Amino acid sequence: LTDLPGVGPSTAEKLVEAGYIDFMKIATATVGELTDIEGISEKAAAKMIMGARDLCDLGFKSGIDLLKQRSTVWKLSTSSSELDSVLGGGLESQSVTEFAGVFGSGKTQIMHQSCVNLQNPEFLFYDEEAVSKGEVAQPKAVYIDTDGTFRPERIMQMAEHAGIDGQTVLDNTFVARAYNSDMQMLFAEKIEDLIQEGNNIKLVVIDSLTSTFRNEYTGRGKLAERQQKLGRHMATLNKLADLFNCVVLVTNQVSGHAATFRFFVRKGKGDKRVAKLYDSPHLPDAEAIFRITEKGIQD
Ligand SMILES: Nc1ncnc2c1ncn2[C@@H]1O[C@H](COP(=O)(O)OP(=O)(O)NP(=O)(O)O)[C@@H](O)[C@H]1O
Ligand SMILES: [Mg+2]
Ligand SMILES: [Mg+2]
């Protein structure tokens, strides 16, 4: 850290204690976050930020460099052919993909499946020139359980069928049981901590994303405070997916908020499931049919 213009040994200690350990968190910080450190004047705060930006090289980019930026994105297989396809390859990192369906349409199932697929090295698609094996080594997932529907059996099961060790998934998956929007949001914010503890967090799950809010703010008259709270949570989720190049997933049950990829899932006949991609930045709307069996998502 002392590499940063103005930053010395003492200051370095302050910054590391306030959460700012790496450059990108400093290069993308606001002169406010940093000054609120006390001892970190608005003067030095601007200087270290101008600097951290430079080192990380956050300027204007054009031509072929734009493709280089877009290749730092890796994807995760959902274990469905039609779904990965509709996904344009699979679940993207640096973005928040949301599955919003009806009761028992499969949201939680897709969530579990992903935790498992993360421990299957072959299920992460990327360009090795922009994303080295080391970056995706010992990936771990954080599962913020809102409804209390995390089921370790179901993990073990999906693993066994995938041909991998379920105990290995359980060992690399952090589950946090949230009972309300405060715990939910906080757990989310506390993820940056597991990463500084040396945890290669690459998958984040919020099941559900919109449950606690609806319950805490049913009053459709105090909607403001709510939508603010929820939107601020999303901002954290996105920033989190960008800076730590990791896939973030959220579920939303339905019979407004930011989410870079929007899916609407519904039950079919029996196993059959219909996932409808109605919103995304570069892909056309489309439907993906898959199913859920003892093996998880398949076809
Ligand atoms: N071990 C299993 N073997 C076969 N099917 C299973 C298994 N576990 C769960 N399912 C299927 O998963 C369905 C439930 O899907 P689920 O992931 O709970 O949807 P959901 O989006 O979470 N619904 P909700 O939480 O109520 O909003 C069941 O009704 C089963 O068909
Ligand atoms: Mg993004
Ligand atoms: Mg659910």
# chains A, B, ... in the order shown; residues from 1 in each chain; ligands from 1
>>> residues_near_ligand(ligand="ligand 1", cutoff="10 Å", atoms="only C-alpha atoms and all ligand atoms", output="short mmCIF file (atom, residue, chain, number, x, y, z; two decimals) with C-alpha atoms, in the first residue's frame")
data_model
loop_
_atom_site.label_atom_id
_atom_site.label_comp_id
_atom_site.auth_asym_id
_atom_site.auth_seq_id
_atom_site.Cartn_x
_atom_site.Cartn_y
_atom_site.Cartn_z
CA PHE A 99 -34.06 -16.27 -11.25
CA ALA A 100 -37.55 -15.16 -10.39
CA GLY A 101 -40.19 -17.84 -10.49
CA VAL A 102 -43.30 -19.12 -8.75
CA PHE A 103 -43.51 -21.28 -5.62
CA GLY A 104 -41.41 -24.39 -6.15
CA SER A 105 -40.52 -23.46 -9.72
CA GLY A 106 -36.88 -24.36 -9.02
CA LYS A 107 -35.12 -21.24 -7.73
CA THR A 108 -33.47 -22.86 -4.69
CA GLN A 109 -32.64 -25.94 -6.76
CA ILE A 110 -30.73 -23.83 -9.27
CA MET A 111 -28.97 -22.18 -6.37
CA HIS A 112 -27.77 -25.47 -4.84
CA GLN A 113 -26.76 -26.83 -8.21
CA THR A 146 -33.14 -16.09 3.59
CA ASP A 147 -35.95 -18.67 3.83
CA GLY A 148 -33.90 -21.29 5.66
CA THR A 149 -34.09 -23.76 2.79
CA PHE A 150 -30.45 -24.70 2.42
CA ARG A 151 -30.34 -28.51 2.41
CA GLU A 153 -28.43 -33.49 1.69
CA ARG A 154 -29.43 -32.00 -1.64
CA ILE A 155 -25.84 -30.82 -2.18
CA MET A 156 -24.36 -34.23 -1.43
CA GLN A 157 -26.87 -35.78 -3.83
CA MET A 158 -26.22 -33.45 -6.75
CA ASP A 207 -32.09 -16.98 -1.65
CA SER A 208 -34.25 -15.08 -1.31
CA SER A 211 -38.40 -12.05 0.76
CA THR A 251 -33.80 -15.51 -6.34
CA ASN A 252 -37.05 -13.61 -6.37
CA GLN A 253 -40.43 -15.26 -5.95
CA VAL A 254 -43.31 -13.77 -7.95
CA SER A 255 -46.82 -14.95 -8.91
CA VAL A 265 -39.00 -19.78 -14.29
CA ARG A 266 -42.19 -21.84 -14.21
CA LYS A 267 -43.15 -25.50 -13.66
CA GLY A 270 -43.44 -33.16 -13.88
CA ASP A 271 -39.68 -32.55 -13.99
CA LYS A 272 -40.08 -30.02 -16.80
CA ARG A 273 -39.06 -26.45 -16.10
CA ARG A 291 -35.72 -30.49 -15.66
CA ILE A 292 -35.05 -31.32 -12.06
CA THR A 293 -34.44 -34.86 -10.93
CA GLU A 294 -32.48 -36.60 -8.21
CA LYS A 295 -29.39 -35.53 -10.14
CA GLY A 296 -30.33 -31.85 -10.13
CA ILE A 297 -30.80 -29.75 -13.27
#
>>> residues_near_ligand(ligand="ligand 2", cutoff="12 Å", atoms="only C-alpha atoms and all ligand atoms", output="number ranges by chain")
A: 69-70, 72-73, 92-97, 234-248, 258-261, 280-281
>>> select_by_dssp(residues="range 137-208 of chain A", states="alpha helix (DSSP H)", output="number ranges by chain")
A: 152-162, 166-171, 181-189, 191-196
>>> residues_around(residues="residue 21 in chain A", least_positions_apart="4", cutoff="12 Å", atoms="only C-alpha atoms", output="count of residues only")
20
>>> atom_distance(atom1="CA of residue 161 in chain A", atom2="CA of residue 128 in chain A")
27.8 Å
>>> residues_around(residues="residue 277 in chain A", least_positions_apart="6", cutoff="6 Å", atoms="only C-alpha atoms", output="number ranges by chain")
A: 262-263, 285-286
>>> select_by_dssp(residues="range 66-253 of chain A", states="strand (DSSP E)", output="PyMOL selection string")
chain A and resi 75-76+91-92+96-101+124-125+139-145+173-177+200-207+247-251
>>> residues_around(residues="residue 176 in chain A", least_positions_apart="5", cutoff="10 Å", atoms="only C-alpha atoms", output="ChimeraX atom specification")
/A:142-146,148,150,183-184,187-188,206
>>> write_last_selection(atoms="N, CA, C and O atoms", output="PDB file, in the first residue's frame")
ATOM      1  N   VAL A 142     -20.561 -18.451  -1.241  1.00  0.00           N
ATOM      2  CA  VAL A 142     -21.237 -17.925  -0.065  1.00  0.00           C
ATOM      3  C   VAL A 142     -22.723 -18.046  -0.385  1.00  0.00           C
ATOM      4  O   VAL A 142     -23.181 -17.601  -1.440  1.00  0.00           O
ATOM      5  N   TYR A 143     -23.465 -18.664   0.525  1.00  0.00           N
ATOM      6  CA  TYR A 143     -24.889 -18.886   0.347  1.00  0.00           C
ATOM      7  C   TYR A 143     -25.668 -18.170   1.436  1.00  0.00           C
ATOM      8  O   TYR A 143     -25.741 -18.653   2.563  1.00  0.00           O
ATOM      9  N   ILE A 144     -26.237 -17.014   1.120  1.00  0.00           N
ATOM     10  CA  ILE A 144     -27.015 -16.289   2.121  1.00  0.00           C
ATOM     11  C   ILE A 144     -28.444 -16.794   2.025  1.00  0.00           C
ATOM     12  O   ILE A 144     -29.186 -16.439   1.121  1.00  0.00           O
ATOM     13  N   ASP A 145     -28.798 -17.646   2.977  1.00  0.00           N
ATOM     14  CA  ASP A 145     -30.095 -18.296   3.056  1.00  0.00           C
ATOM     15  C   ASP A 145     -31.115 -17.440   3.785  1.00  0.00           C
ATOM     16  O   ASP A 145     -31.030 -17.257   5.005  1.00  0.00           O
ATOM     17  N   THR A 146     -32.088 -16.933   3.037  1.00  0.00           N
ATOM     18  CA  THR A 146     -33.138 -16.085   3.592  1.00  0.00           C
ATOM     19  C   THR A 146     -34.368 -16.830   4.118  1.00  0.00           C
ATOM     20  O   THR A 146     -34.940 -16.429   5.135  1.00  0.00           O
ATOM     21  N   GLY A 148     -34.327 -20.154   4.860  1.00  0.00           N
ATOM     22  CA  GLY A 148     -33.898 -21.288   5.660  1.00  0.00           C
ATOM     23  C   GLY A 148     -34.154 -22.583   4.911  1.00  0.00           C
ATOM     24  O   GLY A 148     -34.596 -23.567   5.488  1.00  0.00           O
ATOM     25  N   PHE A 150     -31.688 -24.086   2.860  1.00  0.00           N
ATOM     26  CA  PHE A 150     -30.448 -24.698   2.422  1.00  0.00           C
ATOM     27  C   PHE A 150     -30.533 -26.145   2.899  1.00  0.00           C
ATOM     28  O   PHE A 150     -30.849 -26.390   4.060  1.00  0.00           O
ATOM     29  N   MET A 183     -29.760  -8.555   8.480  1.00  0.00           N
ATOM     30  CA  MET A 183     -28.793  -9.632   8.516  1.00  0.00           C
ATOM     31  C   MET A 183     -28.404  -9.968   7.087  1.00  0.00           C
ATOM     32  O   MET A 183     -27.230 -10.177   6.789  1.00  0.00           O
ATOM     33  N   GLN A 184     -29.398 -10.010   6.207  1.00  0.00           N
ATOM     34  CA  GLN A 184     -29.160 -10.312   4.803  1.00  0.00           C
ATOM     35  C   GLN A 184     -28.140  -9.357   4.193  1.00  0.00           C
ATOM     36  O   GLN A 184     -27.140  -9.780   3.619  1.00  0.00           O
ATOM     37  N   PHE A 187     -24.561  -9.675   5.988  1.00  0.00           N
ATOM     38  CA  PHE A 187     -23.827 -10.863   5.565  1.00  0.00           C
ATOM     39  C   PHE A 187     -23.202 -10.571   4.214  1.00  0.00           C
ATOM     40  O   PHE A 187     -22.032 -10.867   3.981  1.00  0.00           O
ATOM     41  N   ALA A 188     -23.994  -9.972   3.329  1.00  0.00           N
ATOM     42  CA  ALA A 188     -23.522  -9.607   1.999  1.00  0.00           C
ATOM     43  C   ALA A 188     -22.286  -8.719   2.110  1.00  0.00           C
ATOM     44  O   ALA A 188     -21.265  -8.996   1.489  1.00  0.00           O
ATOM     45  N   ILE A 206     -28.120 -15.431  -2.986  1.00  0.00           N
ATOM     46  CA  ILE A 206     -29.036 -14.736  -2.090  1.00  0.00           C
ATOM     47  C   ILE A 206     -30.385 -15.384  -2.392  1.00  0.00           C
ATOM     48  O   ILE A 206     -31.000 -15.101  -3.432  1.00  0.00           O
TER      49      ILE A 206
END
>>> closest_residue(among="A:98, A:127, A:189, A:54", to="ligand 3", atoms="only C-alpha atoms and all ligand atoms")
A:98
>>> closest_residue(among="A:80, A:215, A:85, A:210", to="ligand 3", atoms="only C-alpha atoms and all ligand atoms")
A:210
>>> closest_residue(among="A:67, A:191, A:130, A:118", to="residue 162 in chain A", atoms="only C-alpha atoms")
A:118
>>> atom_distance(atom1="CA of residue 46 in chain A", atom2="CA of residue 194 in chain A")
27.9 Å
>>> atom_distance(atom1="CA of residue 41 in chain A", atom2="CA of residue 233 in chain A")
28.3 Å
>>> residues_around(residues="residue 136 in chain A", least_positions_apart="3", cutoff="9 Å", atoms="only C-alpha atoms", output="PDB file with C-alpha atoms, in the first residue's frame")
ATOM      1  CA  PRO A 121     -13.408 -27.347 -12.449  1.00  0.00           C
ATOM      2  CA  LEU A 124     -16.285 -22.829 -15.309  1.00  0.00           C
ATOM      3  CA  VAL A 131      -8.246 -15.470 -16.528  1.00  0.00           C
ATOM      4  CA  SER A 132      -5.510 -17.758 -15.196  1.00  0.00           C
ATOM      5  CA  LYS A 133      -6.146 -21.074 -13.441  1.00  0.00           C
ATOM      6  CA  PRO A 139     -13.192 -21.380  -5.555  1.00  0.00           C
ATOM      7  CA  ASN A 200     -11.369 -17.365  -3.235  1.00  0.00           C
ATOM      8  CA  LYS A 202     -16.337 -16.959  -6.732  1.00  0.00           C
TER       9      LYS A 202
END
